[PDB]
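For what it's worth, UniProt numbering labels the leading residue of the sequence shown as 186, then goes sequentially. Here's the structure we're looking at; comments come further down.
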Amino acid sequence: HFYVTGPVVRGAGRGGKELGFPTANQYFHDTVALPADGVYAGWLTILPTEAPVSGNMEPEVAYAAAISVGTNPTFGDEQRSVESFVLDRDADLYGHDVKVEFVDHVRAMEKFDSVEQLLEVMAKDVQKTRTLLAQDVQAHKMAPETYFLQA
Ligand SMILES: Cc1cc2nc3c(=O)[nH]c(=O)nc-3n(C[C@H](O)[C@H](O)[C@H](O)COP(=O)(O)O)c2cc1C
Ligand SMILES: Nc1ncnc2c1ncn2[C@@H]1O[C@H](COP(=O)(O)OP(=O)(O)O)[C@@H](O)[C@H]1O
Ligand SMILES: [Mg+2]
Ligand SMILES: [Zn+2]
């Protein structure tokens, strides 16, 4: 899969608290190759580290993630981000170097008229992501210790 690596950094502060979908934000210079803006199913891995990870994620495990690439046009954000909602987990990822692999495209990035409309679609994105990643596990015969995909 195409992938990017970089530290998880601070965004607008709205994902978890306003939308109920915390996103681990990464920002890249405009020279770095990314997939098209859009929503993706993929895997987020905390790279090997001696830094302690607070919460229920550990290094070197591929966690199922629903991923956004773009400028969050519903909100009118100013920089392109890669943003990963890690399914069914809760950890403090700020400052940790992570790898994000883009496995499947789910849909185009969209400017919604309201947060309600966006959340309705994000629920479907997450459901699709579960299904698509389950297929990926089978396609690569991934060893259970190496990934996390709840239910
Ligand atoms: C699966 C998924 C789908 C998303 N789809 C869209 C979208 O269609 N349009 C949009 O403007 N933002 C989209 N986003 C981005 C959210 O707007 C963004 O994660 C949220 O505003 C939190 O921003 P923050 O991390 O800077 O706090 C999506 C995020 C995720 C995780
Ligand atoms: N399931 C999860 N997926 C992504 N980030 C999570 C998750 N659980 C906790 N977090 C933490 O929440 C932060 C993202 O929340 P968010 O509201 O999007 O803040 P920000 O605007 O700073 O990105 C991450 O950087 C990470 O530290
Ligand atoms: Mg975020
Ligand atoms: Zn694959």
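Beta carbons are placed, not taken as given, at the ideal position from N, Cα and C, and that holds for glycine.
Burial state of residue i (16 or more Cβ within 10 Å)
| i | result |
| --- | --- |
| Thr314 | buried |
| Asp277 | exposed |
| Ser239 | exposed |
| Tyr248 | buried |
| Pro237 | exposed |
| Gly198 | exposed |
| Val194 | exposed |
| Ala251 | buried |
| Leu232 | exposed |
| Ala209 | buried |
| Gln320 | exposed |
| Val291 | buried |
Where residue i sits in the DSSP three-state scheme
| i | result |
| --- | --- |
| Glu245 | coil |
| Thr259 | coil |
| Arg292 | strand |
| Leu229 | strand |
| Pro192 | strand |
| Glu235 | coil |
| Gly223 | strand |
| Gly240 | strand |
Chain-order list of residues whose beta-carbon lies under 6 Å from that of residue i (same chain, five-residue window excluded)
| i | result |
| --- | --- |
| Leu303 | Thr259 and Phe297 |
| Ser253 | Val224 and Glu268 |
| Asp262 | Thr256 |
| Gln335 | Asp273 |
| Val271 | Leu229, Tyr248 and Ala250 |
| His281 | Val193 and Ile231 |
Cβ separation of residue i and residue j, assumed to be a contact under 8 Å, to the nearest whole Å
| i | j | result |
| --- | --- | --- |
| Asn241 | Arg274 | 6 Å |
| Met307 | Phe187 | The Cβ separation is near 22 Å, so there is no contact. |
| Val285 | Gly227 | 6 Å |
Same chain only: Cβ atoms within 7 Å of residue i, ignoring 5 sequence neighbours per side
| i | result |
| --- | --- |
| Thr331 | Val246 and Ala247 |
| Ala293 | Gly223 |
Any C-beta of chain B under 9 Å from that of residue i
| i | result |
| --- | --- |
| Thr216 | As a matter of chain content, chain B is missing from the structure shown, which is built from one protein chain. |
Beta-carbon proximity list for residue i, same chain, < 8 Å, skipping 5 on both sides
| i | result |
| --- | --- |
| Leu219 | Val189, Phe213, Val254, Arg265 and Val267 |
Whole beta strand (DSSP E) runs in the stretch 259–334 with 3 or more residues, listed along the chain? If only uninterrupted beta strand (DSSP E) runs of at least 3 residues are considered, those enclosed by the stretch 259–334 are 266–271 and 282–292.
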